[PDB]
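Raw entry.tsv, TSV, C-alpha atoms:
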chain	number	residue	atom	x	y	z
H	1	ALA	CA	3.14	-1.77	1.11
H	2	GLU	CA	3.03	0.62	4.14
H	3	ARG	CA	5.69	2.67	2.17
H	4	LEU	CA	5.99	4.62	-1.14
H	5	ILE	CA	6.08	2.56	-4.45
H	6	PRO	CA	6.78	3.57	-8.14
H	7	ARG	CA	3.77	3.54	-10.54
H	8	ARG	CA	6.12	3.16	-13.60
H	9	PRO	CA	9.74	2.15	-14.57
H	10	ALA	CA	12.40	4.92	-14.27
H	11	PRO	CA	12.65	7.44	-17.20
H	12	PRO	CA	15.79	7.47	-19.45
H	13	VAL	CA	18.79	9.60	-18.27
H	14	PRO	CA	21.05	12.11	-20.21
H	15	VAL	CA	24.35	10.39	-19.19
H	16	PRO	CA	27.38	11.14	-21.49
H	17	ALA	CA	28.18	7.57	-22.64
H	18	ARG	CA	28.84	6.53	-26.29
H	19	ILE	CA	29.41	3.11	-24.65
H	20	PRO	CA	28.56	2.09	-21.00
H	21	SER	CA	31.19	1.66	-18.22
H	22	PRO	CA	33.01	-1.75	-17.92
H	23	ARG	CA	32.58	-1.41	-14.06
Q	1	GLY	CA	24.27	3.68	8.77
Q	2	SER	CA	25.99	4.29	12.16
Q	3	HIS	CA	23.35	6.51	13.90
Q	4	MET	CA	22.78	8.58	10.66
Q	5	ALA	CA	20.61	8.42	7.49
Q	6	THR	CA	21.97	7.60	3.98
Q	7	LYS	CA	22.58	10.55	1.56
Q	8	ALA	CA	22.73	11.20	-2.23
Q	9	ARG	CA	23.80	13.92	-4.74
Q	10	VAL	CA	21.89	14.64	-7.99
Q	11	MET	CA	23.63	13.96	-11.35
Q	12	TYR	CA	20.91	15.46	-13.67
Q	13	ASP	CA	17.85	17.78	-13.13
Q	14	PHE	CA	14.41	16.11	-12.63
Q	15	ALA	CA	10.71	17.07	-12.22
Q	16	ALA	CA	8.04	15.02	-10.34
Q	17	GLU	CA	4.71	13.67	-11.69
Q	18	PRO	CA	1.64	14.45	-9.47
Q	19	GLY	CA	-0.02	10.97	-9.89
Q	20	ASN	CA	3.31	9.13	-9.16
Q	21	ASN	CA	4.32	10.80	-5.80
Q	22	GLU	CA	7.87	11.62	-7.11
Q	23	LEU	CA	10.25	14.40	-5.75
Q	24	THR	CA	11.58	17.29	-7.96
Q	25	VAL	CA	15.39	17.81	-7.70
Q	26	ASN	CA	18.23	19.81	-9.37
Q	27	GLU	CA	21.76	18.74	-10.45
Q	28	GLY	CA	24.38	18.91	-7.64
Q	29	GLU	CA	21.64	19.10	-4.93
Q	30	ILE	CA	22.09	16.89	-1.79
Q	31	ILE	CA	19.09	14.83	-0.45
Q	32	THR	CA	18.63	12.31	2.38
Q	33	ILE	CA	17.80	8.78	1.16
Q	34	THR	CA	14.91	7.03	2.98
Q	35	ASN	CA	14.73	3.87	0.75
Q	36	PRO	CA	17.56	2.97	-1.76
Q	37	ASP	CA	15.63	-0.02	-3.31
Q	38	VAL	CA	11.88	0.29	-4.21
Q	39	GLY	CA	11.90	-1.52	-7.59
Q	40	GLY	CA	11.63	-0.24	-11.17
Q	41	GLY	CA	14.86	1.91	-11.17
Q	42	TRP	CA	13.93	4.27	-8.23
Q	43	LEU	CA	14.83	5.28	-4.66
Q	44	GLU	CA	12.96	7.22	-1.87
Q	45	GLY	CA	14.42	10.58	-0.65
Q	46	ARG	CA	13.87	14.01	1.03
Q	47	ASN	CA	15.19	17.52	0.31
Q	48	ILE	CA	16.16	20.31	2.72
Q	49	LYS	CA	12.56	21.75	2.74
Q	50	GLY	CA	11.18	18.46	4.17
Q	51	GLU	CA	9.37	17.04	1.10
Q	52	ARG	CA	9.67	13.27	0.35
Q	53	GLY	CA	9.20	11.19	-2.81
Q	54	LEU	CA	10.49	8.76	-5.44
Q	55	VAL	CA	13.47	9.65	-7.69
Q	56	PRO	CA	15.11	7.62	-10.53
Q	57	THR	CA	18.34	6.19	-8.98
Q	58	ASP	CA	20.13	6.58	-12.37
Q	59	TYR	CA	19.65	10.41	-11.94
Q	60	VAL	CA	21.47	10.41	-8.49
Q	61	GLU	CA	24.56	9.00	-6.67
Q	62	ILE	CA	24.72	7.52	-3.14
Q	63	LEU	CA	27.25	9.45	-0.98
Q	64	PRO	CA	29.94	7.82	1.29
Q	65	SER	CA	29.66	6.85	4.99
Q	66	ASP	CA	31.86	8.40	7.76
Q	67	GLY	CA	31.73	11.76	5.82

Write-out of the structure in structure tokens:
Amino acid sequence: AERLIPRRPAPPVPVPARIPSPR
Amino acid sequence: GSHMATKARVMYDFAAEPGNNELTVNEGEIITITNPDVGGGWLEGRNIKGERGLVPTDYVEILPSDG
């Protein structure tokens, strides 16, 4: 493109979540 | 939207990779969003200094309009 593009998928994140949000 | 750029706050600290053109950011920091959808789990943004780059959108939160 004529704009910035990721070379890889996003890294994992340190979110506090034993289970993910229902919403 | 409405004669203003989109904005985001950081949820967790991050560091850029030099071959990926990413942007380093710290938790609670506010950045301007330039592109909220780029693919692969990222967004485009700029910090106060005037540097741009890609950031994982799961590390940040889009801020409200009319604020």

Distance query residue Q:12 at most 10 Å, only C-alpha atoms, self and fewer than 2 positions along chain excluded, as a list in words: residues 13, 14 and 15 of chain H; 9, 10, 14, 25, 26, 27, 28, 29, 58, 59 and 60 of chain Q

Kindly provide, as a count of residues only, the polymer residues lying within 12 Å of (4.9, -0.6, -3.7), counting all atoms listed in the file and using the coordinates exactly as they appear in the file. 19

Option closest in space to residue H:12, from Q:67, Q:47, Q:5, Q:56 [counting only C-alpha atoms]: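 Under the stated criterion, the closest residue is Q:56.
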
Quick one, how far is atom CA of residue H:21 from atom CA of residue H:9? 21.8 Å

What separation in Å, quoted to one decimal, exists between atom CA of residue Q:32 and atom CA of residue H:17? 27.2 Å

What's the separation between atom CA of residue Q:45 and atom CA of residue Q:2, in Å to one decimal place? 18.4 Å

May I have the residues within 9 Å of residue Q:24 as a ChimeraX atom specification, using only C-alpha atoms and disregarding those fewer than 5 positions away in the same chain? /Q:13-17,53-55

Have a look at Q:23, Q:48, Q:62, Q:36 and name the one nearest to residue Q:11; count only C-alpha atoms.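 Smallest separation from residue Q:11 among the options: Q:62.
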
Need the shell around residue Q:4: protein/DNA/RNA residues with any atom at most 12 Å away, counting only C-alpha atoms. Skip same-chain ones fewer than 3 positions apart. Format as a list in words?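 With the cut-off at 12 Å, the set is residues 1, 7, 32, 33, 34, 64, 65, 66 and 67 of chain Q.
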
Could you model N, CA and C atoms for stretch 14-37 of chain Q and present them as a tab-separated table (two decimals), in the coordinates of the input?
chain	number	residue	atom	x	y	z
Q	14	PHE	N	15.63	16.92	-12.58
Q	14	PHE	CA	14.41	16.11	-12.63
Q	14	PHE	C	13.18	16.87	-12.11
Q	15	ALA	N	12.00	16.49	-12.60
Q	15	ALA	CA	10.71	17.07	-12.22
Q	15	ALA	C	9.68	15.97	-11.93
Q	16	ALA	N	9.01	16.03	-10.78
Q	16	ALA	CA	8.04	15.02	-10.34
Q	16	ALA	C	6.73	15.01	-11.15
Q	17	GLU	N	6.08	13.84	-11.20
Q	17	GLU	CA	4.71	13.67	-11.69
Q	17	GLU	C	3.72	13.57	-10.51
Q	18	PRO	N	2.60	14.31	-10.57
Q	18	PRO	CA	1.64	14.45	-9.47
Q	18	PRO	C	0.88	13.16	-9.12
Q	19	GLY	N	0.61	12.29	-10.09
Q	19	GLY	CA	-0.02	10.97	-9.89
Q	19	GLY	C	0.95	9.85	-9.51
Q	20	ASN	N	2.26	10.12	-9.44
Q	20	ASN	CA	3.31	9.13	-9.16
Q	20	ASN	C	3.99	9.31	-7.78
Q	21	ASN	N	3.76	10.45	-7.12
Q	21	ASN	CA	4.32	10.80	-5.80
Q	21	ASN	C	5.87	10.93	-5.79
Q	22	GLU	N	6.44	11.38	-6.91
Q	22	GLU	CA	7.87	11.62	-7.11
Q	22	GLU	C	8.34	12.90	-6.37
Q	23	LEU	N	9.66	13.17	-6.32
Q	23	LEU	CA	10.25	14.40	-5.75
Q	23	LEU	C	11.13	15.14	-6.77
Q	24	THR	N	10.81	16.40	-7.06
Q	24	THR	CA	11.58	17.29	-7.96
Q	24	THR	C	12.93	17.63	-7.35
Q	25	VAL	N	14.01	17.55	-8.14
Q	25	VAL	CA	15.39	17.81	-7.70
Q	25	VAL	C	16.25	18.42	-8.81
Q	26	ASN	N	17.32	19.12	-8.45
Q	26	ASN	CA	18.23	19.81	-9.37
Q	26	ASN	C	19.66	19.28	-9.30
Q	27	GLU	N	20.41	19.31	-10.40
Q	27	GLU	CA	21.76	18.74	-10.45
Q	27	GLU	C	22.74	19.36	-9.44
Q	28	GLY	N	23.48	18.51	-8.72
Q	28	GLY	CA	24.38	18.91	-7.64
Q	28	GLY	C	23.72	19.03	-6.26
Q	29	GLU	N	22.39	19.06	-6.19
Q	29	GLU	CA	21.64	19.10	-4.93
Q	29	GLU	C	21.87	17.83	-4.09
Q	30	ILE	N	21.98	17.99	-2.77
Q	30	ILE	CA	22.09	16.89	-1.79
Q	30	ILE	C	20.72	16.60	-1.16
Q	31	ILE	N	20.31	15.33	-1.12
Q	31	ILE	CA	19.09	14.83	-0.45
Q	31	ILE	C	19.40	13.68	0.51
Q	32	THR	N	18.57	13.49	1.53
Q	32	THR	CA	18.63	12.31	2.38
Q	32	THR	C	17.89	11.18	1.69
Q	33	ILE	N	18.47	9.99	1.63
Q	33	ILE	CA	17.80	8.78	1.16
Q	33	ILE	C	17.01	8.13	2.30
Q	34	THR	N	15.75	7.82	2.06
Q	34	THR	CA	14.91	7.03	2.98
Q	34	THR	C	14.77	5.57	2.55
Q	35	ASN	N	14.83	5.25	1.25
Q	35	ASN	CA	14.73	3.87	0.75
Q	35	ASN	C	15.49	3.66	-0.58
Q	36	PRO	N	16.72	3.10	-0.57
Q	36	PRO	CA	17.56	2.97	-1.76
Q	36	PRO	C	17.15	1.89	-2.78
Q	37	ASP	N	16.18	1.03	-2.45
Q	37	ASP	CA	15.63	-0.02	-3.31
Q	37	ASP	C	14.11	-0.05	-3.13
